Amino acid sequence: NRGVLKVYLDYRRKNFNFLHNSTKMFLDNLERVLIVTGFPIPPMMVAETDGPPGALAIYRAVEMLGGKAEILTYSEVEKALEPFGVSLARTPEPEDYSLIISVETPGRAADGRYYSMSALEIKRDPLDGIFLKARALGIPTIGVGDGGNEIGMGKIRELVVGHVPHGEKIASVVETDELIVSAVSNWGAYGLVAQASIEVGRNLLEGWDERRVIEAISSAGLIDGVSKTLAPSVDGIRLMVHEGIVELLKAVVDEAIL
């Protein structure tokens, strides 16, 4: 994925400490964190496999830190997250929250319409708006994305339009106070947890079973964004790599803590 890798370069370059600032924000607003995930995929419009895992990892982290969390997603994701007994948001309001994080959620475009990486208009109720309001209310917001059309990429629309195919049409306009860019959004999410762990002195990703979570949500019906099929994978990449990255993170964390 040349495009996003260039965007990361451009971004990290001038926003060198973005993951760190993001993690400070996280660690300072755990009272009541709202986690939004779920990215429908045209044409079937079924929620993708990338996103819910990160959302879960963060959720488990907020609790381990003595905070409360709720997830706001689509039907299918709720179904797939059930086995993990996650607290769902019932008719959420910006004001009710301490922090609102987004892991791979469609972000409104300059059109005012939603688009897939292939530029197919996403047609489903958006989970977009609460972030706009949260912005106006000055409520702490964190967005994690890996393609330029997600919630929070509004902060670097220029980079997106400048390197990502279909940029002008696809790039989201929605901004977030802090933004994590990654090759795969769940990874960025694991980065947040990883960085937070280091700052706190405990490995919050300790028992994360990447394979067990992806196979799980996959069985429930969450598809793979690229193959658009029911494969135990994420963004067209097999578990082997995803496991390799989660193992590395866990390692970097123990290296700092101990």
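For the two forms, the rigid core is made up of the largest set of C-alpha atoms that agree within 1.5 Å on superposition. The first residue of the sequence shown is number 1, and the count goes up from there.
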Give, as the answer, the stretch of 214 to 222 and 229 to 237 that departs more from the shown form in 5 other deposited structures of this protein; the measure is RMS Cα distance after a core fit.
229 to 237
Could you settle it for me: does 161 to 169 or 86 to 94 have the higher average Cα B factor in the PDB entry?
86 to 94
Would 27 to 35 or 186 to 194 have the larger average of its C-alpha temperature factors, as given in the entry?
27 to 35
Highest Cα B-factor in the PDB entry belongs to which of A80, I130, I180, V103?
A80
Cα B factor band for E210 (lowest, middle or highest third within the chain):
middle
Using only modelled residues of the chain, where does the Cα B factor of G112 rank: lowest third, middle third or highest third?
highest
Tertile call for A136 (CA temperature factor, within chain, third-based) is the highest
How does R12 rank on Cα B-factor within its chain, lowest, middle or highest third?
middle
Chain thirds of CA B-factor: placement of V62:
highest
